[PDB]
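Engineer: Give me a 3D structure for the following:
(2 chains, ligands or ions: 2)
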Protein chains: 2
Amino acid sequence: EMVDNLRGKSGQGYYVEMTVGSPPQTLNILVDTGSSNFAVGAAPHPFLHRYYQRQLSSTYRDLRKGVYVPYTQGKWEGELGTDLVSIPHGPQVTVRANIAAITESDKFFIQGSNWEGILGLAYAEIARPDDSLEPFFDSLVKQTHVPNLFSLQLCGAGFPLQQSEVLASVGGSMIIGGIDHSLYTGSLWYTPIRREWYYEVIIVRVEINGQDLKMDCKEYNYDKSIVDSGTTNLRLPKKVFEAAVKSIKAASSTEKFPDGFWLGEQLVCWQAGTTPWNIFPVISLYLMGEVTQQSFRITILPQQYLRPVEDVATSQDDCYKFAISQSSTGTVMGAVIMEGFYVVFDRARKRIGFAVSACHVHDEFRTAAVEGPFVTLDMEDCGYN
Amino acid sequence: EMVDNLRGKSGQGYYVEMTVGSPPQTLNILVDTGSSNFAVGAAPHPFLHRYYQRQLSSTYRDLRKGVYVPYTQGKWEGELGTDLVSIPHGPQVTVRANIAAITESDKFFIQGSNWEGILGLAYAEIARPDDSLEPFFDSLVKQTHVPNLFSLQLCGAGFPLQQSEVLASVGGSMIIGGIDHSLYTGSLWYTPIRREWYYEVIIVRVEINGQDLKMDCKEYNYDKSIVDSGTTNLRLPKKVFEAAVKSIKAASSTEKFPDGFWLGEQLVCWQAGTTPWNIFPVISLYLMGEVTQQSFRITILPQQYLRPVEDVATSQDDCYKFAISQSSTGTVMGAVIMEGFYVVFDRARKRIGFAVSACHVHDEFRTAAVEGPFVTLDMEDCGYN
Ligand SMILES: CN(C(=O)CC[C@@H](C1CCCCC1)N1Cc2cc(Oc3ccccc3)ccc2N=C1N)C1CCCCC1
Ligand SMILES: CN(C(=O)CC[C@@H](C1CCCCC1)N1Cc2cc(Oc3ccccc3)ccc2N=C1N)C1CCCCC1
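Structural biologist: Residues are numbered from 1 along each chain as shown, chains lettered A, B, ... in the order given. Ligands and ions are numbered 1, 2, ... in the order given. Structure data below:
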């Protein structure tokens, strides 16, 4: 029913079909756990397949307020309204929610992409222009008996997605209100959401094919550590990045490659038949557990951090980006982490659960894993203030 | 002659008119000291006014090599060639240089912008795909008697630039081969380029309306510190950023404003007639001088770090971005720093000189300044490895 309701790209994000207004207008909306606004294209920007036409809806109501969201040299800007929203491949209910009608933008929409708005599933406190603008999911829970949780299985699997292989090779599932046991194996292990703004969690130890990085663990969460479906890469604060980089470098001497590859300034390339996965180490993050002194680890492969970028001449040349990178925003657990796992955003219990995804990419030697319990101390002082 | 040869925006960069091929094709090219490729639009992307048509030029030569330049979720990609380049409002000479013909891109070109390529004036070692691709300015110096230096005066002044106020309100000067005394007052003070890759310099002390930040000075240059005409903001490593932020916050209590403003997640707004400049502190960077134990300081105002963003309803509401921000790439001295000064990229002597620009924005109370000499110790260990 809601299984397989997501399409598009690890690399251009995952989008769900929604309806807005009466009669219902269908749009593809990117699912974004790193933000808190529901915002849709409202004018004919050339890159968009479609856009919200308020004229055509009886339930539209103006809030007479504008909103302006700068990000990194780009922006979007819009006018705030409310209307009636549904999700065709979601729970059978209709909510009135805030909608930012996007009317100007730069470096927001992506040419070639097939989605036309964003669903921010994170918390009010990061809602623009301010926390009073009640986020969609809050609204969906206030106005119905749908339970206060959702889960995500991000796949992006078989062979490279495109624009009739973005439509017709559907890349994962959003289960609204629940958890489906068919989407994972073993058990869920749960880390507490440290605060309800982004989905902040505390990472307490990092390992690369076995080897601790013996750093203050305040530096794994420096500024913050977050789970974010709108981000493609595994992103790591400078010190941890440089440190991880060096030991990923060391673990990897088996074969060799250039400086700027590690910094995402050039991309990497070998023959097909001839991917060298073994010379790459597993990455392991330990996260804070539900109990004092107890952690669990999730473990990902290079399958998920060396992630195909769209071929030289769709040939047999294989070209990927190192999907780990730097940040001054904290640790960002994006699709590289998420496509390893079924992720349960248990908002009622203030926690995030992780299990091994039933669709994750692997082989026969290794695998993605979730394992505990482990004994780890001074865990909440891995945080930052 | 070359005075006033630059147009466009602090915010969409500065561009110079160039010609490529025979007969000569005119293009607007962004001047970028943070990169090392000469790269121009080569196909009809909708955002471009014009583009390089190799078909039309007899002197074009194919190098049969491609190049692919990922940056932050965006990219450009091109095919490498050489042709004959001139600069109409520059030294009267013609060079054969490398040209990357751009054939695919994402989040590179800007809609509304009026430039169509980039001139990278920095060093080979950061030339894509590799250092063997000889940068334009190297080529311009190998093939002529034009001296090995250029200087820049970035203004962006009177009233807000646009698209007939981007054309017709010309925002600064690039003097190729020389230095014009009419563009500055007082004297040039010179900091050594620590290494020829980017224009890396070492910052040795920071002050805010007088008050040191008493941090290790290894952290002002953490990763690196660079002078970059392609960047709009003053950008500062996390620790220095947070630390600068806090004392900019403290100096500024006089009046008050929100959390996310400081983080560029929302923008700031007051009445006209009613800009409150005084409640903002000067920023002072000390940089390494040409002599052991000796530094000099440059000093900028909020005029240059609180920088107008394009009006609510072109009204009297005044709305600006805090132009200082975070990085994991090092310190980046962009237009906020540069529009304060005439900047001399003295490549032959391996140094960068700074003087007070004759066009910089100020008032009657304060001013931008260049001052020395100062006594500062342990200066080269402010560097990083
Ligand atoms: C391409 N996208 C991103 O790169 C999102 C970056 C990501 C941040 C979240 C905080 C930690 C660092 C990574 N975000 C932030 C975000 C920003 C945003 O505002 C604009 C405005 C103009 C241009 C671009 C972004 C909107 C949504 C955000 N959600 C995040 N996960 C976007 C692509 C749109 C879909 C969201 C991700
Ligand atoms: C909008 N632009 C930038 O934001 C440039 C960022 C700036 C970096 C330099 C290193 C320190 C951190 C700031 N750069 C890097 C740079 C990257 C680049 O490659 C792409 C590829 C696709 C999309 C965007 C950029 C090309 C030139 C660069 N030069 C810098 N100063 C660009 C806008 C194009 C004009 C250059 C600045």
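
Engineer: Show me what from the stretch 201-350 of chain A comes close to chain B.
Structural biologist: Within the stretch 201-350 of chain A, the positions near chain B by CB under 8 Å from any CB of the partner chain are A:222-223, A:232, A:237-238, A:241, A:264-267, A:309, A:312, A:321, A:326-329. Every C-beta, even on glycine, is put in place using the N, C-alpha and C of the backbone.

Engineer: Count the neighbours of residue A:94 for me.
Structural biologist: 17 (other CB atoms under 10 Å in any protein chain shown).

Engineer: does the residue of the stretch 1-150 of chain A found nearest ligand 2 count as helix, strand or coil?
Structural biologist: Relative to ligand 2, the nearest point of the stretch 1-150 of chain A is residue A:73 (5.1 Å; CB to the nearest ligand atom). Secondary structure state of residue A:73, per DSSP: H, G, I helix; E, B strand; the rest coil, is coil.

Engineer: Now for the residue in the stretch 1-150 of chain A that chain B sits nearest to: which residues touch it?
Structural biologist: Per CB to the nearest CB, residue A:107 is where the stretch 1-150 of chain A lies closest to chain B, at 5.0 Å. By CB atoms under 8 Å, 6 or more residues apart in numbering or on different chains, the contact set of residue A:107 is A:71, A:72, A:73, A:74, A:75, B:74, B:107, B:110.

Engineer: Now with 10 Å, please.
Structural biologist: A:71-76, B:72-74, B:106-108, B:110-111 (CB atoms under 10 Å, 6 or more residues apart in numbering or on different chains).

Engineer: In these, which residue is surrounded by the most others?
Structural biologist: In the contacts of residue A:107, the most neighbours by other CB under 10 Å go to residue A:76, 23 neighbours.

Engineer: what about stretch A:54-71, how long is it end to end?
Structural biologist: Its first and final residues considered, stretch A:54-71 spans 26 Å by CA to CA, to the nearest Å.

Engineer: Pull out the buried positions in that stretch.
Structural biologist: With burial defined by 16 or more other CB atoms under 10 Å in any protein chain shown, the residues of stretch A:54-71 counted as buried are A:54, A:57, A:60, A:67, A:68, A:69, A:70.

Engineer: wait, does it contact ligand 2?
Structural biologist: No: figure legend: stretch A:54-71 not in contact with ligand 2 (CB under 6 Å from any ligand atom); closest approach 12.1 Å.

Engineer: same for the helix ranked longest in chain A, what does it pack against?
Structural biologist: Across chain A, the longest stretch assigned as helix under DSSP state H is helix A:238-251. With contacts taken as 3 or more CB pairs under 10 Å, 6 or more residues apart in numbering or on different chains; DSSP states H and E, helix A:238-251 sits against strand A:203-208, strand A:211-212, strand A:234-237, strand A:283-288, strand A:324-327, helix B:238-251.

Engineer: which of those is buried the deepest?
Structural biologist: Stretch with highest mean neighbour count among the helices and strands packed on helix A:238-251: strand A:234-237 (a mean of 26; mean count of other CB atoms under 10 Å in any protein chain shown).

Engineer: Briefly note if that one comes near ligand 1.
Structural biologist: No: judged by CB under 6 Å from any ligand atom, strand A:234-237 stays clear of ligand 1, getting no closer than 6.9 Å.

Engineer: Equivalent analysis for stretch A:1-11, please.
Structural biologist: No: using CB under 6 Å from any ligand atom, stretch A:1-11 stays clear of ligand 1, coming no nearer than 9.9 Å.

Engineer: Which positions in that stretch come out as buried?
Structural biologist: A:2, A:5, A:6, A:7, A:8, A:9, A:10, A:11.

Engineer: What's the end-to-end length of it?
Structural biologist: End-to-end for stretch A:1-11, by CA to CA: 25 Å.

Engineer: Equivalent analysis for stretch A:193-203, please.
Structural biologist: Counting by CA to CA, you get 11 Å between the two ends of stretch A:193-203.

Engineer: Just the buried positions in stretch A:95-103, please.
Structural biologist: Buried, per 16+ other CB under 10 Å, within stretch A:95-103: A:95, A:97, A:98, A:99, A:100, A:101, A:102.

Engineer: what about it and ligand 1, any contact?
Structural biologist: No: contact between stretch A:95-103 and ligand 1 is absent, the nearest approach being 9.8 Å (criterion: CB under 6 Å from any ligand atom).
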